[PDB]
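Participant:
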RNA sequence: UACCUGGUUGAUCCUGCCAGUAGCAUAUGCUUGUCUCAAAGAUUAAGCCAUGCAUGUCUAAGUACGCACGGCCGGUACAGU
Ligand SMILES: [Mg+2]
Ligand SMILES: [Mg+2]
Ligand SMILES: [Mg+2]
Ligand SMILES: [Mg+2]
Ligand SMILES: [Mg+2]
Ligand SMILES: [Mg+2]
Ligand SMILES: [Mg+2]
């Protein structure tokens with residue numbers, strides 16, 4: 030037998046500071062709104078808990094002189110059940126590679142979701158902090174806080190991203206052509222993504238400004254991989 | 001539990017309806033071991049009705065010559081039922 034796998038020779042400055050243990054968590058990446066362009070940055074921090082799920086396989090096709098040329102579109106949702114979630118979609122000629130290329134995008138689009146309390150703050154937030162809305166081409170999704178223990182009152186499809194994001198209680202609503210899974214899923218993901226981009230009176234303390242990870246580790250980047 | 005799913009296209013995004021889904025109450029089909037509770041000729045013809053019953057009543061205190069019984073001897077407000 031043989032061993033010593035040496036995958037993930039990085040190609041970006043962030044891959045270097047992630048593979049080298051210099052960077053601690055992807056919260057430090059989100060604080061600086063950097064773009065994550067390598068799917069191994071995710072598996073470094075998360076990975077032992079990220080569970081993926083194939084939401085739908087959808088055969089699309091173009092008419093052609095000879096034929097109808099079909100290829101399949103895979104919608105995959107991913108995320109550990111403790112505050113991170115993502116959703117990718119890839120169109121490929123065969124199913125087995127669409128479902129594999131979609132996991133890469135679902136991992137690259139992982140965002141942090143915010144959770145809050147409904148009535149009073151006893152510990153371990155359980156629901157969304159406020160009423161949020163999200164759209165994707167005539168699909169509107171409304172998320173509303175709920176008391177503890179109510180579960181997720183929603184359709185099957187939003188109650189597969191809402192669970193993965195870490196929310197225990199939620200009242201949901203939709204008013205649209207919700208039968209198209211692509212727009213339904215993208216609008217739910219958008220509503221979840223708008224949960225950290227909502228100014229709330231606890232977010233009024235002035236910002237303490239830290240060093241960027243590229244400024245703090247200039248000395249490393251100068252010659253850590255070459 | 002503040003929820004959706006299939007169907008117009010070669011394929012996509014919509015309007016929009018048809019169909020699906022859960023309860024409720026009238027009928028009907030198949031099937032039915034135990035136990036408590038209990039709706040029931042309203043819908044249509046406030047159409048027609050054989051027969052039986054459903055409203056009677058007395059205390060010491062309105063009228064007692066039924067011998068209808070009956071008393072200790074008879075009626076003298078007159079025995080009593
Ligand atoms: Mg439809
Ligand atoms: Mg047409
Ligand atoms: Mg067709
Ligand atoms: Mg119907
Ligand atoms: Mg018995
Ligand atoms: Mg009648
Ligand atoms: Mg008669």
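In the deposited numbering, the protein residues as written are 30 to 255.
All C-beta atoms in this analysis are idealised placements derived from N, C-alpha and C, irrespective of residue type, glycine included.
Looking at C-beta atoms only, is the number of pairs between the segment 70 to 82 and the segment 240 to 252 that lie closer than 8 Å three or more?
Facilitator: Contact fails: fewer than three Cβ-Cβ distances are below 8 Å.
Participant: Considering just the uninterrupted stretch of the alpha helix (DSSP H) at residue 280, what are its terminal residues?
Facilitator: Missing from the structure shown is residue 280; the chain here goes from 30 to 255 and no further.
Participant: When the distance is taken between beta carbons, is residue 43 closer than 8 Å to residue 63?
Facilitator: Along the first chain, one-based indexing puts residue 63 at 34. Along the first chain, one-based indexing puts residue 43 at 14. Contact: yes.
Participant: Taking all protein chains shown into account, decide if residue 50 is buried (16 or more other Cβ within 10 angstroms of its Cβ) or exposed.
Facilitator: By one-based count along the first chain, residue 50 stands at place 21. Answer is exposed; the Cβ neighbour count stays below 16.
Participant: Given residue 217, which residues of its chain have a CB within under 6 Å of its CB, disregarding the five upstream and five downstream residues?
Facilitator: In the first chain, the residue the question calls residue 217 occupies position 188. Taken in chain order, the residues that qualify are 170, 187 and 190.
Participant: Thinking C-alpha only, which one of 213, 227, 220 and 55 is nearest residue 166?
Facilitator: In the first chain, residue 166 corresponds to position 137, counting from 1. Looking at the Cα atoms, 213 is the closest of the given residues.
Participant: Could you spell out where the alpha helix (DSSP H) holding residue 129 opens and where it closes?
Facilitator: As a first step, residue 129 must be located in the first chain, where it is residue number 100. Per DSSP, residue 129 belongs to the alpha helix (DSSP H) from 124 to 137.
Participant: Would you mind working out which of 192, 84, 148 and 228 sits nearest residue 117, comparing C-alpha positions?
Facilitator: Position 88 of the first chain, counted from the start, is the residue given in the question as residue 117. Closest option to residue 117, Cα to Cα, is 84.
Participant: Using 8 Å as the threshold, is the C-beta distance between residue 196 and residue 156 below it?
Facilitator: In the first chain, counting from the first residue as 1, residue 196 sits at position 167. In the first chain, counting from the first residue as 1, residue 156 sits at position 127. In contact: residue 196 and residue 156 (Cβ atoms closer than 8 Å).
Participant: Tell me, which residues are paired with residue 101 by DSSP?
Facilitator: Working through the first chain from its first residue, we reach residue 101 at position 72. According to DSSP, which records beta bridges pairwise, residue 101 is partnered with 88 and 121.
Participant: Residue 81 to residue 245, Cα distance in whole Å?
Facilitator: Here residue 81 refers to the residue found at position 52 of the first chain. Here residue 245 refers to the residue found at position 216 of the first chain. Each residue's alpha carbon lies about 34 Å from the other.
Participant: Cα separation between residue 94 and residue 100?
Facilitator: Against the first chain, residue 94 aligns to sequence position 65. Against the first chain, residue 100 aligns to sequence position 71. Going from the Cα of residue 94 to the Cα of residue 100 covers about 17 Å.
Participant: Pull up the distance between the alpha-carbon of residue 182 and that of residue 203, whole angstroms please.
Facilitator: The residue labelled residue 182 in the question sits at position 153 within the first chain. The residue labelled residue 203 in the question sits at position 174 within the first chain. Looking at the two C-alpha atoms, the distance is approximately 11 Å.
Participant: Taking all protein chains shown into account, do 16 or more other C-beta atoms lie within 10 angstroms of the C-beta of residue 222, making it buried, or fewer, making it exposed?
Facilitator: Sequence index remark: in the first chain, residue 222 carries index 193 (1-based). So residue 222 counts as buried.
Participant: Give me, in chain order, the residues of the same chain whose beta-carbon lies closer than 7 Å to that of residue 130; leave out the 5 immediate sequence neighbours on both sides.
Facilitator: As a working mapping, residue 130 is identified with position 101 in the first chain. Contacts found: 119 and 121.
Participant: Compute the distance between the beta-carbons of residue 86 and residue 124, then report whether it is under 8 Å.
Facilitator: Taking the first residue of the first chain as position 1, residue 86 is located at position 57. Taking the first residue of the first chain as position 1, residue 124 is located at position 95. In this structure, residue 124 lies closer than 8 Å to residue 86 by Cβ.
Participant: By the DSSP assignment, the alpha helix (DSSP H) with residue 222 in it spans what residues?
Facilitator: Position 193 of the first chain, counting from 1, holds the residue named residue 222. Unbroken alpha helix (DSSP H) run through residue 222: 210 to 222.
Participant: Below 8 Å on the Cβ atoms is my guess for residue 206 versus residue 168; work out the distance and round it to an integer in Å.
Facilitator: Numbered from its first residue, the first chain carries residue 206 at position 177. Numbered from its first residue, the first chain carries residue 168 at position 139. Confirmed, about 7 Å.
Participant: From the DSSP output, in three-state form, read off residue 247 for me.
Facilitator: Taking the first chain and counting its residues from 1, the one referred to as residue 247 is at position 218. Three-state DSSP puts residue 247 in a helix.
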